[PDB]
Structure formats: C-alpha cells, structure tokens
C-alpha cells in the first residue's frame, strides 16, 4: 500500500510560522510529483501547491504565492510546507497527495489552527 502521513499541523498565532511534513512510503517517491490541497472548516477543497519529481518546477494558487514554500527530500521520503505570516484563511486541514492533475493517493490530513 502507498502511504501518505501528514504532521506538523498545530495552533499557531497569526503572523507566525509552521512546517508541515508529509511522510511518503510504498513507492519510488523520487519518480512522482506531489501536491497540497486544503479544506477550511466546513468549506470546499482548495488546491494549494505541487512540486516536480526532483524539485525544479513548483506551482501555487495566488492566495499563498510568496507566503508558502513547498519542498522535498527524496532521500528522506518527505514533502514539506513551510508556511509564514499565517492568516485566518490559512486555518484548514492540509492534505498531501501524489501526482499533479487527478489525485488518487491522499493523506489523512493535518489541522493547522491560526487564531487569537
């Protein structure tokens, strides 16, 4: 079985930072593209970021362009999400998924809380 396990998600005051960690297993992590999609409390899905096989190309939604930073450690089997200057809108469940266009392999999610 392919396995995607998120971590890092916690309560962090606005303006602060946090590093998400998606731990991949069950596949040649180095050969496939990865992603991050979010679900805000009681809201729909919102595509966030994706990263190329090696780490040469990266794409975002404009609501996180310049604030969020996607990365990979192909030797470690890890996908990351270094978010900064965290807003209210940024409080969601962050799911990592394998591939870019149609996501079949999804993690369970990690709640990032950002409030007073």
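Residue numbers count along the first chain shown, from 1.
*Of 41-49 and 83-91, the stretch whose C-alpha atoms average the higher B-factor in the entry*: Comparing averages over the C-alpha atoms only gives 83-91.
*Between 55-63 and 32-40, point out the one with the higher average CA B-factor as the PDB entry records it.*
On average, C-alpha B-factors are higher across 55-63.
*Taking the values exactly as deposited, rank residue 9 by C-alpha B-factor within its chain and report the matching third: lowest, middle or highest.*
According to the entry, residue 9 has a C-alpha B-factor in the chain's middle third.
*With respect to C-alpha B-factor, does residue 113 fall in the lowest, middle or highest third of the chain as deposited?*
Middle third by C-alpha B-factor.
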